[PDB]
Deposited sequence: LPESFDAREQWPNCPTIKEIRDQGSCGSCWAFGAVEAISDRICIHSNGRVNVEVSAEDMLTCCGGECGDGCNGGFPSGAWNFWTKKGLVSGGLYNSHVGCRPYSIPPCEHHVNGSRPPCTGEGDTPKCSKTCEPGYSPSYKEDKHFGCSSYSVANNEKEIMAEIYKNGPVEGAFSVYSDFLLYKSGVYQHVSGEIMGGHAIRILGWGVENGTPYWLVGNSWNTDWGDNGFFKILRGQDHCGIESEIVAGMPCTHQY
């Protein structure tokens, strides 16, 4: 395997790989990390661009995925994709796809022109219809996954999975010092635990002798390094390697 790897560079025809979303004031990271990677993989394994709806995942999976804006299970999300499939849907107010995200973007632990995130948000309703003007119908717009699996807590296997099939979803323990991340390779040295956080891992590299994972957060682009961040790789730091999940799109 190469010393470095950036899925954004390796798959130039898949722009979703370089985009950063905003989960808004909702604990829907579990759903965002999933639909983002799923969007990436649909493009990688059927070369077609599709913004997989975070709204559909967040609102219709139900208990199988946890508790909506209160948190969920990443592996459950990929299961839903293979069971019920997912329709398309873009950013809030974008009017793109069957079900665009309905929760407003906000400032995540940074100042900006948007309203500060309030963290407290209810899970929107599971509506099985598309936005007015869009076609086809909700049922006709479903994209199915044909496999949902968990990648072992093994650095090399996680790299091989990414290298071959594209970005995966992972999770780690977020501590207060991570909220102020700007650049470099993140390493937890202090701060109270804020909770678990699911994200999208799209690569890896080495910075000043420090190995890292290339990750895309869902707190908009004005957070961290244009929305992305780097985190220590190889020592299951904060559990970054303890919960990798992925899957393959049908055909």
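Taking the first deposited residue as 1, the stretches without any C-alpha atom are 48-49, 254-256.
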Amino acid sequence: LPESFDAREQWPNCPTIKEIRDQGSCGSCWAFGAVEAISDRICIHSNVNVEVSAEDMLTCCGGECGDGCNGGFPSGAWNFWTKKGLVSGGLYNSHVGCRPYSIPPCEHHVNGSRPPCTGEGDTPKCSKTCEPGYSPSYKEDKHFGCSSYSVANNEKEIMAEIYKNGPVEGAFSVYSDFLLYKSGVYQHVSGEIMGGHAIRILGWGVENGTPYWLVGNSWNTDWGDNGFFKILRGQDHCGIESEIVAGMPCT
From here on, numbers count along this sequence of modelled residues.
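The question of which stretch, 182-190 or 216-224, has the higher mean Cα B factor is settled in favour of 182-190. Higher mean CA B-factor, judged across 167-175 and 137-145 from the recorded values: 137-145. Among 104, 74, 90, 119, the highest C-alpha B-factor in the deposited entry belongs to 119. Of the residues listed, 53, 46, 59, 28, the entry assigns the biggest Cα temperature factor to 46.
Residue-level temperature factors show residue 7 in the lowest third of its chain, judged at the C-alpha atom. In the deposited entry, the Cα temperature factor of residue 206 places it in the highest third of its chain's modelled residues. Among all modelled residues in its chain, residue 159 ranks in the middle third by Cα B-factor. Residue 126: CA B factor in the lowest third of modelled residues in this chain (values from the PDB entry). When all modelled residues of the chain are sorted by CA temperature factor, residue 132 is found within the highest third.
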